[PDB]
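Beneath this line is the structure, given in C-alpha cells, with notes to follow.
Basis for what follows: all heavy atoms, side chains included, without hydrogens, waters or symmetry-related copies. Every chain is numbered from 1 and lettered A, B, ... according to where its sequence line falls, protein lines coming before strand lines.
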Amino acid sequence: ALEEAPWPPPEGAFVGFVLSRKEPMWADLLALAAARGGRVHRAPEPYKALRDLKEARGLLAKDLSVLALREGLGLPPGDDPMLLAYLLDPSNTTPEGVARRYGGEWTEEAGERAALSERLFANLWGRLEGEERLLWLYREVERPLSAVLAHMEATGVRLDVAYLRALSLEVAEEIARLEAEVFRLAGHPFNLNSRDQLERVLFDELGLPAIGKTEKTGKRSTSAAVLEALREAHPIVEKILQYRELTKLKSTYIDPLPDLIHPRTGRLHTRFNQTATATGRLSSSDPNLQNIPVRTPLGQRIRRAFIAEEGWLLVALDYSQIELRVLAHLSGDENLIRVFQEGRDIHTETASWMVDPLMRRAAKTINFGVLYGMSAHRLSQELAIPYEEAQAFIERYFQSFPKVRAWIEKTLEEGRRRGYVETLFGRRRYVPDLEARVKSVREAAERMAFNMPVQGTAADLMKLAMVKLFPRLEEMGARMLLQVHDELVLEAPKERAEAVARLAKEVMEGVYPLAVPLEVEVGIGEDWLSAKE
DNA sequence: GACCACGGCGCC
DNA sequence: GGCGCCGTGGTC
Ligand SMILES: O=[N+]([O-])c1ccc2c(ccn2[C@H]2C[C@H](O)[C@@H](COP(=O)(O)OP(=O)(O)OP(=O)(O)O)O2)c1
Ligand SMILES: [Mg+2]
Ligand SMILES: [Mg+2]
Ligand SMILES: [Mg+2]
Ligand SMILES: [Mg+2]
Ligand code: NA
C-alpha cells in the first residue's frame, strides 16, 4: 500500500478509518482510506467517500457499517481480520494485540489502518486455512453475524425517559431516608458510598465481627455476602443492604440511561462486541444492555422503561435451560437426555426443595453453580444448610448423571494434551494452566476449561439462530433489537407480533437438532418486563 | 480532564 | 463459569 492513489479504491479493497470516539453511533468519521494491490487511497471527504464503498472490509468492519447505517447507507460489514484471529485464539480481542501478533502496528491514521487490515488478513486467512471447522464458523456464523449485529446496533431500543426521570426522584427520596437512618445508627455521618469508611464503622466502631477479606489488598470485606451473614447482628446492616441496592440501580441505570438517548433516533444504542469473550459469547457495552435489572422489585421497575415503538410490541424469546441441554448432548448421559426428552424440569425441581419465578431463579445459582465446580462449603452457605453430609447434596448428582463426570474428565485430559478445549462446532479456547503445578491455579483452569464447551456451544447455537432468523424478520417487517446470551428481544408491528413470535420460536428451536430438543419460551408485551410474562 | 486498581455488583 | 459499569481513592 506504499503508493498513494486517488480515491476511490477498486472493489475488494480493505478499509481503514478513524473515529472521534469508540462508539460508532456517536462518532464523527475523521478519516477514511482503502488499500489494495500496493496502493492506498485516502478519501478527501470521508462522509461523502462512504457512499463509494460496496462493503466495509477490514479491521473493526462492523463499526464502520454501523456508522454508515446511521447515515442512512446500506453498507454491510465483510471480512474482518479480528474475527479470523478471534476464532484462531479468542484471547485475540484487540486490534492492538492482533497487529503485534500477526504482523503490523495499530496506528491512528486511516491509510496505515487500511494497509494493516490488508496485511493481517493475508496472514490470518492462510492460518485459518486447513482449519476447516474454524473456517465454517467464520463463513457460516461470525462473518454473517457481524452484519446482523450492525443492524441491531444502528436500530437501538426505545426507552421511557419521562418514566425513569420520575422514578429517579422517588428513589432519591428513599435513599435519603436510608442514609439518614444509617447515620443515626452510626452515631455520625460518613460517606456511605466509601467501602473503606463503611469498613471502619462496621468493624472498628460498631465492633461487628469481620467475616472475610478482600482479594488484592486484604481489607475486611463489606460485600453483600458478608452483610447478609451479619443481617441480625445490628439494625444498621439491613439498612446498608437496602442502600446498596437502591444506589447501585440509580447510579448504573436510572440516571445514566436517559442521557444516552440518541438525538436522531430517540433510542438507546448498545455495542455488541464480537471478539470480547474467552468462550464465544457476545458482550454488550456503552451502554451494557445485557445486564438490565430483573430480580428485585426496583429492578423490575427499571426493566419496564424498555418499551416498543408506538404501535409495535416487544417479543422476548429465551432458550430453556440451554446449558443443561447442551451438557446432555455433549456428555451423552442417558438419564439427563431422558429428563429432557420426557419433559421434566430441573430448575423448578431444585426450587421447591429449597415455586414462582423468584424462587426458581435462586435454583439457577444452585444447579448451575454446583455443576461448574462449586465447593460444598460454597453450596453449604449458599443454600443456608448444614455442610453435611459431604458435600452429599452435590454428591450422587454424578451418580444419577454418571456420564457427566466422565465427560468432564475426558474434556480435561484432552485439554491437557492439545492445550485447548472446543465447542460442538469446534470453537477453541486455549487453557495453558491445566498443567500448572500449583493446585489452586490448576483447578481454577480446569473449571474454565470444562465450562467453555458448554457455555460456548450455547453461544454458538444462539449466534447461528440469529443468523438464520434475521432475514426472516426483515421479510416480515420486524426488528431484532437485543441478545442477552440465551435470550433475544425483537420488535414487531402489533398485528404481526404473534406471527413473528411463532416463526422466531421455530427458528430458534430448530437451529441445530441435538440429542435433546431445544425449547424456547416466548412472551409478547409493550415493555421488556411484561414481554417476559 | 483522563486514566488507574479495587471492591463491589448488575445480568446470563 | 462468562461479562461490563459504578464510586472511591488515587496519579498525572
Ligand atoms: O455459576 N453460576 O453461578 C452461574 C453459571 C451460569 C449461569 C448462571 C445463571 C445463568 N447462567 C448461564 C446458563 C445459561 O446459559 C444462561 C442463563 O440462562 P437463563 O437465565 O435464561 O436460565 P436457563 O438455564 O436458560 O433456564 P430458563 O431460561 O428457563 O430460566 O447463563 C449462574
Ligand atoms: Mg433460559
Ligand atoms: Mg435467559
Ligand atoms: Mg475487576
Ligand atoms: Mg475523583
Ligand atoms: Na492468512
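- Computed from coordinates, the A:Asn451 CG to C:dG2 P distance equals 6 Å when rounded to whole Å.
- Aromatic rings of A:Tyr319 and A:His485 (six-membered ring for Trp) have centroids beyond the 6.0 Å cut-off, not under it.
- Between A:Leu529 atom CG and B:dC11 atom P the separation is 12 Å, expressed in whole Å.
- Residue A:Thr247 is out of contact with every strand shown, counting any heavy-atom pair closer than 4.0 Å.
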Kindly give the atom pairs (protein nitrogen or oxygen, nucleotide nitrogen or oxygen) under 3.5 Å for nucleotides 10-12 of chain C.
none

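- Distances shown here put a side-chain N or O of A:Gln197 below 4.0 Å from the OP1 or OP2 atom of C:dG9.
- Residue pairs meeting the side chain to side chain donor-acceptor pair (under 3.5 Å) criterion with at least one member in residues 165-180 of chain A, sequence neighbours excluded, are A:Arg165-A:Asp259, A:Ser168-A:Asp255, A:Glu170-A:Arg301, A:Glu174-A:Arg177.
- Side-chain contact of A:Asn273 with A:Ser283: a donor-acceptor pair under 3.5 Å is present, judged by distance alone.
- Distances shorter than 4.0 Å separate none of the side-chain N or O atoms of A:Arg295 from OP1 or OP2 on B:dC9.
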Just list the side-chain donor-acceptor pairs under 3.5 Å for residues 514-526 of chain A, sequence neighbours left out, or say none.
unit_1   : atom_1 : unit_2   : atom_2 : d
A:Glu519 : OE1    : A:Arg325 : NH2    : 3.3

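- Under the side-chain hydrogen bond (donor to acceptor under 3.5 Å, both in side chains) criterion, A:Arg427 pairs with A:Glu142, A:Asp460, sequence neighbours left out.
- Distance, A:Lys216 NZ to B:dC4 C1': 14 Å, rounded to whole Å.
- Protein atom CZ of A:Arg427 is 15 Å distant from nucleotide atom P of C:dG2, rounded to whole Å.
- At a threshold of 4.0 angstrom between heavy atoms, the contacts of A:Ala224 are confined to the sugar-phosphate backbone, with no base atom among them.
- Looking at heavy-atom distances under 4.0 Å, A:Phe368 makes no contact with the nucleic acid at all.
- Relative to the side chain of A:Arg281, the nucleotides B:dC11, C:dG2, B:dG7 differ in distance, and C:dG2 lies closest.
- Residues A:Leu134 and A:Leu87 approach most closely at CD2-O, 3.5 Å, considering heavy atoms.
- Atom CG of A:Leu246 and atom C1' of B:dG8 are 16 Å apart (whole Å).
- With sequence neighbours excluded, no residue forms a side-chain hydrogen bond (donor to acceptor under 3.5 Å, both in side chains) with A:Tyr512.
- The residue A:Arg271 sits apart from the nucleic acid: no heavy atom pair falls under 4.0 Å.
- Distance A:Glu199 CD to C:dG9 P: 12 Å, rounded to the nearest Å.
- C:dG2 atom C1' lies 14 Å from atom CZ of A:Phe450, rounded to whole Å.
- The side-chain hydrogen bond (donor to acceptor under 3.5 Å, both in side chains) search around A:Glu509 returns A:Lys505, not counting sequence neighbours.
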Grab the N/O contacts between the protein and nucleotides 3-7 of chain C below 3.5 Å, and write none if there aren't any.
unit_1 : atom_1 : unit_2   : atom_2 : d
C:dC3  : OP1    : A:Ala278 : N      : 2.8
C:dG4  : OP1    : A:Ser283 : OG     : 2.7
C:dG4  : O4'    : A:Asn288 : ND2    : 3.1
C:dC5  : OP1    : A:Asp286 : N      : 2.8

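- A straight line from CG of A:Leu482 to P of B:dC11 spans 16 Å, rounded to a whole angstrom.
- Every pair passing ring-ring contact (aromatic ring centres under 6.0 Å, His included) that includes a residue from residues 514-533 of chain A is listed here, sequence neighbours excluded: A:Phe306-A:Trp528.
- Partners of A:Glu23 under the side-chain hydrogen bond (donor to acceptor under 3.5 Å, both in side chains) rule, at least two apart in sequence or in another chain, are A:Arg21.
- Minimum atom distance to the side chain of A:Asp196 is reached by C:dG9, of the listed B:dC6, C:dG9, B:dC11.
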